[PDB]
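Chains as they are written, first to last, in the entry's author numbering: chain B, 1 to 132; chain A, 1 to 132; chain B', 1 to 132; chain A', 1 to 132; chain C, 1 to 132; chain D, 1 to 132. A prime marks a further copy of an entry chain.
There are 6 protein chains.
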Amino acid sequence: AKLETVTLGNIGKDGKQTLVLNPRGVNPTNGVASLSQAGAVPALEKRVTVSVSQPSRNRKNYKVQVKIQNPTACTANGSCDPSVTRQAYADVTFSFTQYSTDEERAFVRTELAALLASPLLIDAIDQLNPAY
Amino acid sequence: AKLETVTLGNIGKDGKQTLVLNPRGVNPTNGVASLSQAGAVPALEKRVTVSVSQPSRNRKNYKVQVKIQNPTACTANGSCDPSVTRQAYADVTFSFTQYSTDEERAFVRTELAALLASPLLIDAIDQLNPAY
Amino acid sequence: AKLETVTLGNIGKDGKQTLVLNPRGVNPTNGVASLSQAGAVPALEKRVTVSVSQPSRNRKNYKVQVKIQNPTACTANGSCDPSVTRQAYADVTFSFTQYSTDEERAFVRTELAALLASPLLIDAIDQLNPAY
Amino acid sequence: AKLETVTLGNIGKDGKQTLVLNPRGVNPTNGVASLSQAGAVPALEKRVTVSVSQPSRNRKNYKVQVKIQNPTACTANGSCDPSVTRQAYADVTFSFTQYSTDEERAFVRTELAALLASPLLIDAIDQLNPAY
Amino acid sequence: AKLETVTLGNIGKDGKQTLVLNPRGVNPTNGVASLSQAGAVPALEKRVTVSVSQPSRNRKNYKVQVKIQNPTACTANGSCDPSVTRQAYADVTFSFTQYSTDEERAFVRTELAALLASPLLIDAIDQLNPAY
Amino acid sequence: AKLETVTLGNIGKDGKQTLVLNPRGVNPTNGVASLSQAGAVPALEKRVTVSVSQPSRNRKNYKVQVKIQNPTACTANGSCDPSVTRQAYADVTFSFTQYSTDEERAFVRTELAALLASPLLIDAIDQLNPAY
């Protein structure tokens with residue numbers, strides 16, 4: 001996953017928007033990759049970062065974690081710089097056995113995408129209805 | 001949200017498998033739909049569970065939570081022992097406030113579908129080649 | 001009361017408005033039904049929910065409770081998303097004996113509607129005058 | 001509010017009964033009108049009481065409270081014993097702030113009159129068939 | 001397993017009666033679902049109650065249960081409630097180990113319904129006559 | 001009243017299979033009518049046993065006890081003689097008072113068969129789907 005700029009799309013309710021994730025770098029002090037759209041004023045921007053966690057003396061498994069930050073930045077007309085008055089997010093953790101293969105890990109990755117793209121979760125997220 | 005049979009296509013590293021979930025009833029303590037996999041034993045494998053919390057606690061926010069359970073077998077016995085041994089799994093939480101826009105929630109959802117289609121996230125999971 | 005969408009009307013001071021209550025679902029963790037108009041941004045919306053309480057080892061009777069939420073959502077022109085700066089409500093509890101019949105329960109239900117629709121309460125609610 | 005004789009028509013499961021209340025005086029401790037039912041003994045049955053609180057406590061809000069008392073008899077004795085035994089009742093509170101709009105208060109009131117006319121609330125009370 | 005309205009038929013001594021079971025939801029502290037009868041008075045109802053339990057450690061097995069059914073109502077010399085005595089009861093549970101087949105489960109369910117219909121039990125139960 | 005061979009058709013998931021119980025006399029330990037499946041191995045696996053008792057001094061209630069056993073044997077890798085690994089069964093009882101008669105017994109056993117055949121129990125048992 002050697003970082004490179006990737007444009008993501010089919011975004012939003014209609015699946016029409018795109019976003020661009022430009023690597024900013026990888027933070028060596030915590031094992032976290034970071035890419036963003038824009039970035040002139042980071043507080044106001046959408047960001048995606050990924051942690052890397054390997055098996056260890058105190059870790060039974062390894063992880064890939066994606067942190068998704070989606071702020072809403074507002075200012076009233078007549079004023080200056082906007083500020084974030086909402087922070088929307090997602091927190092995606094993948095966790096796997098050291099004896100697991102690519103196909104099995106991929107099932108979890110693609111099951112997630114296929115299911116989040118399915119009505120059960122589309123409604124759980126857009127309508128926020130109780131499972132029912 | 002509303003539960004109905006879910007068919008998930010284009011699954012796995014090849015993008016060729018199909019999974020079928022059966023959301024047949026919601027847990028009274030956790031608000032969790034049991035998305036059983038099709039097949040009496042396979043149902044326990046590749047199982048997913050889903051709950052949508054309400055802003056009923058002093059956080060004043062809510063979370064849509066999907067838990068993906070993918071334990072797998074290693075060589076079942078003639079005694080009808082499934083030999084389930086190893087496991088892959090994921091925890092994905094969304095992680096919004098009460099004033100959030102449905103469109104923004106949709107972006108977060110579709111952005112993840114897009115991230116799961118990108119080498120920046122895929123290589124780190126299927127080939128376990130992290131960001132750099 | 002198998003939930004279905006119902007339009008309510010003769011609403012407001014003149015008895016002219018209507019509202020639509022679309023089931024969102026029933027929360028199995030607390031026995032509470034929920035329906036609303038709209039819902040894209042739940043904090044800002046009118047909602048009606050109903051609890052169900054049955055006789056028990058620690059309950060002498062059974063109840064039907066209706067919770068009515070009527071927020072006032074405001075933003076100033078030139079800004080963004082409105083927020084609620086008023087929460088108006090009603091809390092309606094019905095409670096009955098296990099030996100009571102439908103007619104008796106209906107008397108309480110229709111007595112309430114007939115009386116809330118009568119000047120004694122119309123003025124108690126719109127004018128907020130002391131009983132006098 | 002202002003008290004005068006109240007006639008409530010279209011009462012009961014059939015919508016055919018008429019009740020008559022007599023709001024003849026307000027309780028000095030609770031601010032409660034005694035809406036006596038017509039008839040010296042029937043007055044005690046199907047009795048309703050009403051009070052409008054003022055924002056005189058550190059809540060800075062107020063409540064219109066109506067209490068419906070519908071105890072009923074089972075087979076009076078020749079000794080002139082009314083045999084009142086079983087009871088149906090309701091407590092309805094409105095539950096507004098000092099800055100509320102009269103129109104919004106009217107909506108809450110009329111919305112309840114409308115809810116009491118809907119199967120979503122009726123079936124749960126008259127047939128005791130709750131939401132689902 | 002959505003606990004929606006259930007209609008039964010072809011029942012009673014001559015197989016000619018019908019019954020609609022109207023669910024009232026599930027007890028939050030007891031996994032058993034309950035379904036209401038057509039009677040107006042709760043104290044007189046013959047409620048159907050149902051549960052599916054799926055244990056892990058402590059039992060490592062599965063259980064499904066239904067509770068049946070009715071107290072007998074009557075009056076004599078004047079009353080208050082036409083009161084009921086439990087007279088007609090049955091209790092059916094299903095039990096099996098983990099990882100069972102759906103066909104195995106189906107046979108136990110269908111075998112019982114067939115056994116109940118069969119003369120050896122349908123007449124033996126009516127008469128309470130041991131089969132020898 | 002009499003012991004007889006039982007043929008049960010239209011059973012199993014598809015409602016098409018037939019099971020046959022060969023009579024096996026009486027067990028005078030408990031007054032149990034023992035019947036078992038008509039085959040060399042089913043004789044060892046699959047069986048139904050039944051007893052009926054009048055009230056004991058500790059009941060004032062008649063009892064019917066039906067035990068349905070449908071275990072599955074598996075052949076371990078090294079066995080010649082397969083044995084039961086999955087002991088599936090059902091526990092079926094009835095209880096009636098000393099003043100109950102034919103209709104009380106009839107609606108219970110016929111309502112039970114109707115319940116077993118209902119879509120709620122078909123799904124609750126065959127799939128093990130909780131009624132939520």
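We put the CB at the ideal spot given by N, CA and C, even for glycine.
Against chain D: residues of the region 56 to 79 of chain A by CB proximity under 9 Å: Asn77, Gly78, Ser79
Residue from C:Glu111, C:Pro119, C:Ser83, C:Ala124 whose Cα sits closest to the Cα of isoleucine 122 of chain D: C:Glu111
Boundaries (first-last residue) of the alpha helix (DSSP H) holding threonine 18 of chain C: No alpha helix (DSSP H) holds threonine 18 of chain C; the beta strand (DSSP E) holding it covers 17 to 26.
Beta-carbon separation (whole angstroms), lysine 63 of chain B' vs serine 95 of chain B', contact threshold 8 Å: 5 Å
Simplified DSSP state of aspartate 123 of chain A', which is helix, strand or coil: helix
Three-way DSSP call (helix, strand, coil) for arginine 59 of chain B' in this model: strand
Nearest-angstrom Cα separation, counted from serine 56 of chain D out to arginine 47 of chain B': So the alpha carbons of these two residues sit roughly 57 Å apart.
Complete beta strand (DSSP E) runs within the region 38 to 102 of chain B (minimum length 3 residues, chain order): 47 to 53, 62 to 74, 83 to 96
Any 3 or more C-beta pairs closer than 8 Å across the region 35 to 47 of chain B' and the region 30 to 43 of chain B: Between the region 35 to 47 of chain B' and the region 30 to 43 of chain B, the count of C-beta pairs closer than 8 Å stays below three; the two stretches do not touch.
Extent of the continuous beta strand (DSSP E) run through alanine 117 of chain B': Neither: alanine 117 of chain B' is in no beta strand (DSSP E) and is coded neither H nor E.
Anticipated Cβ contact below 8 Å, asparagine 10 of chain B with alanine 114 of chain A, distance rounded: 6 Å
Neighbourhood of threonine 72 of chain A by C-beta distance below 6 Å, restricted to the same chain and skipping five residues each side: These residues qualify, in order along the chain: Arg86.
Proximal chain C residues relative to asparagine 27 of chain A', where beta-carbon distance stays under 7 Å: Near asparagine 27 of chain A' there are no residues of chain C at all, since even the closest Cβ is about 31 Å away, more than 7 Å.
As assigned by DSSP and simplified to three states, the class of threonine 5 of chain B: Three-state DSSP puts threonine 5 of chain B in coil, outside helix and strand.
Opposing strand residues paired with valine 32 of chain B' [DSSP bridges]: B':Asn27, B':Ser51
is_contact[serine 83 of chain A', chain B'] using C-beta, thresh 8 Å: no
Min CB distance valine 41 of chain A' to chain B' below 8 Å: no
Rounded Cβ spacing between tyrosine 89 of chain D and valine 20 of chain C (contact assumed at less than 8 Å): So it is not a contact: roughly 31 Å between Cβ atoms.
Where the region 89 to 108 of chain C meets chain A: residues whose CB sits under 7 Å from a CB there: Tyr99, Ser100, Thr101, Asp102
Below-8 Å beta-carbon distance, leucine 44 of chain A' vs any chain C residue: no
Best match in B':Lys60, B':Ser100, B':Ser83, B':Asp126 for proximity to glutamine 98 of chain A' [C-alpha to C-alpha]: B':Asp126
Distance between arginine 59 of chain D and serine 83 of chain C (C-alpha atoms, nearest Å): 21 Å
Integer-rounded CB distance, given that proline 28 of chain C should sit under 8 Å from residue 145 of chain B': The displayed coordinates of chain B' run from 1 to 132. Any statement about residue 145 of chain B' would go beyond what the structure contains.
Closer than 8 Å to chain B' by CB, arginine 24 of chain A': no
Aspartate 102 of chain C versus D:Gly12, D:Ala1, D:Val6, residue with shortest Cα-Cα distance: D:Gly12
Burial state of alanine 38 of chain C (16 or more Cβ within 10 Å): Per the 10 Å Cβ criterion, exposed.
Rounded C-alpha distance that separates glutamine 65 of chain D from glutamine 54 of chain B': 32 Å
Integer-rounded CB distance, given that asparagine 77 of chain B should sit under 8 Å from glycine 15 of chain B': With a Cβ gap of about 39 Å, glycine 15 of chain B' and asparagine 77 of chain B do not count as contacting.
Contact belief for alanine 131 of chain D with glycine 25 of chain A at Cβ below 8 Å, rounded distance in angstroms: 6 Å
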